[PDB]
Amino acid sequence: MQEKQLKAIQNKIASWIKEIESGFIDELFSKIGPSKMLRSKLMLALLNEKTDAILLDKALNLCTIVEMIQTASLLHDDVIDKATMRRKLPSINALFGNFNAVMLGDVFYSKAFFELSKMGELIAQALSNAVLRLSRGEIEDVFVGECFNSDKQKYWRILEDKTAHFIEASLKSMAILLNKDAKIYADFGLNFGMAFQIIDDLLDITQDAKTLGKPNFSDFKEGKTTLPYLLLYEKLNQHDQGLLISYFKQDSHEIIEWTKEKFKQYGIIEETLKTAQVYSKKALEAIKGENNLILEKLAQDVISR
């Protein structure tokens, strides 16, 4: 979204890490790679042409807090998922051990909350509550992930806790800071977040025409029964249901090929996509009144891969 502002947020994060004054932490931080900063792009979109410089800095600080929280959650998630990689490069836990990845995440969380306390109680509570739900969602995700899950309601709760509510809280917080209608943007954030994670789960099992890279097929192998698998399970005959369950947490090329044929057989890809489009439509609906081209741009683009 706006390069110069994202660049300023990137630099604020670096400054905040240096403020911790620890050569060891500087070392750990140097191994974390760039971020798309999707959340900052969404939040920055609420800024006005005439936002005063003092308020703009506060807004950049808010975006910095949100990105650091996001980074902290990813650091802990990589530990819990025993991930050795994050975007083709070695994870922090792979390079410095689980303990360091965990502490580094705590450092990101605490430094972020420290700065957050200067935002006021309304914003501080919205974001700190979002971090509480992110942690509840993470626990829910691995407990539900212990065995094949066919209860779609548990899936929806996890998506909302681990992804949707945080984006909702981030947008609501920026609206509050900029004295905008917090309800409208919280609503846009929640639905955008739901669509975003559904498409993300979709991209794990189906090709992104735009890239030649093949889908990772990382989810089911890791115990996550995402929407595609839930919708497929509801259409499979008894025999195939047995097979799908037997493939839970298994890892092989043949299982991937079988799964792709089954999704095609029951039109799961389009069915999954349509579920996300409902949320995408709701997001656009929420900001119908406003005239935010950036948000409308992002809300439409998430649905097209």
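One rule holds for the numbers: they count along the sequence shown, beginning at 1.
Novice: Compare the mean C-alpha B-factor of 93-101 with that of 190-198 as given in the PDB entry, and name the stretch with the higher value.
Specialist: Higher mean C-alpha B-factor in the PDB entry: 93-101.
Novice: Which is higher on mean Cα B factor in this entry, 82-90 or 222-230?
Specialist: Comparing averages over the C-alpha atoms only gives 82-90.
Novice: Maximum C-alpha temperature factor per the entry, among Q265, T272, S246, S30, belongs to which one?
Specialist: Highest CA B-factor of the listed options: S30.
Novice: Compare the CA B factors listed in the entry for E140, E160, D208, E115 and report the winner.
Specialist: Among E140, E160, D208, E115, the PDB entry lists the largest C-alpha B-factor for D208.
Novice: Which third, lowest, middle or highest, does the CA B-factor of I167 fall in along this chain?
Specialist: Bottom third by C-alpha B-factor.
Novice: Comparing against every modelled residue in the chain, figure out the third that the C-alpha B-factor of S73 lands in (lowest, middle or highest).
Specialist: It belongs to the lowest third of the chain when residues are ordered by C-alpha B-factor.
Novice: Taking only the Cα B-factors deposited for this chain, tell me whether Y185 sits in the lowest, middle or highest third.
Specialist: Ranked within chain, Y185 CA B lands in the highest tercile.
Novice: Split the chain's modelled residues into thirds by Cα B-factor; is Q277 in the lowest, middle or highest one?
Specialist: For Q277, whose C-alpha B-factor we compare with every modelled residue in the chain, the answer is the middle third.
Novice: Compared with the other modelled residues in the chain, in which third is the CA B-factor of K214?
Specialist: Its C-alpha B-factor, which the entry lists for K214, ranks in the highest third among residues of this chain.
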